[PDB]
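Visitor: experimental coordinates for this protein are included below, preceded by the sequence.
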Amino acid sequence: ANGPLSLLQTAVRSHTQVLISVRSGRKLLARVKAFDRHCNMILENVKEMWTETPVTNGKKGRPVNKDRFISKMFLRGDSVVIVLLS
RNA sequence: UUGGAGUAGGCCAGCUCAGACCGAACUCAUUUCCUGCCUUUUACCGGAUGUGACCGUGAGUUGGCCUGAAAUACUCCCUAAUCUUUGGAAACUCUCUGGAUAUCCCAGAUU
């Protein structure tokens, strides 16, 4: 209640966005609603982007910052690399 | 952790089974014989042998009665510190092998 719990609770109270890099090499921009002792995350207005290299006709193409929008999202605590309270 | 199926206790009455221990208990009668006592019978003696009755018992089941209780409850069926669900991931190159075999691709294996 004086550390990571304080950061997650402050994010919950302020309803501010976090930028999360995750173990699938992916990047997330979403708001904070709730957290637990496992630091599992429930998310809103989620913008998910990632780097994908399309294999055009057997040749390595330039990467795409492919992104999607998810309304409501739930996240697991062990899948996190880093969270930044933006 | 649940949905599905359940509903009390006491008492009374009926029905069906139960002895190899229904019964940790114990009587009576009687068939066919043997013994005894006997003038005839009944009422008897006491052994065998089967056969009935009576005083009782248990389990299941069905109906009723009495007192409750009442969306309560019980009853069944069923259900993030290493070592397992709280992660070395994710991504893909290089090399090797096979198919194709001029390559791309892909599979397997390795860093």
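Guide: Perfect, thanks for sending it. Numbering: from 1, shown residues only, chains lettered A, B, ... in the order given.

Visitor: secondary structure class for residue A:69?
Guide: Using DSSP: H, G, I helix; E, B strand; the rest coil, the structure places residue A:69 in strand.

Visitor: residue A:16 is in contact with residue A:84, isn't it?
Guide: No. Applying C-beta atoms under 8 Å, one finds residue A:16 not in contact with residue A:84, separated by 10.9 Å. Quick note: C-beta positions are derived from backbone N, CA and C, even for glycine.

Visitor: was I right about residue A:83 contacting residue A:18?
Guide: Yes. Contact status for residue A:83 versus residue A:18: in contact at 5.3 Å, counting by C-beta under 8 Å.

Visitor: name the SS class of residue A:45, please.
Guide: strand.

Visitor: what about it, distance to residue A:39?
Guide: Remark: distance between residue A:45 and residue A:39 (C-beta to C-beta, to the nearest Å) = 20 Å.

Visitor: count the neighbours of the closest residue to residue A:1 other than its chain neighbours for me.
Guide: Closest residue to residue A:1 apart from its sequence neighbours, by C-beta to C-beta, 6 or more residues apart in numbering: residue A:9 at 7.8 Å. Around residue A:9 there are 14 other residues, counting by other C-beta atoms under 10 Å.

Visitor: residue A:9 is in contact with residue A:35, isn't it?
Guide: Yes. With contacts counted by C-beta under 8 Å, residue A:9 reaches residue A:35, the gap being 7.3 Å.

Visitor: show me what residue of chain A gets nearest to RNA strand B.
Guide: residue A:58 (1.9 Å; C-beta to the nearest atom of the strand).

Visitor: which ones are touching that residue?
Guide: Applying C-beta atoms under 8 Å, 6 or more residues apart in numbering to residue A:58 gives no contacts.

Visitor: over to residue A:44?
Guide: Applying C-beta under 8 Å, 6+ apart to residue A:44 gives the contacts A:30, A:31, A:33, A:71, A:72, A:73.

Visitor: and the fifth one, what is it in contact with?
Guide: Shown here is residue A:72, whose contacts under the criterion C-beta under 8 Å, 6+ apart are A:42, A:43, A:44, A:46.
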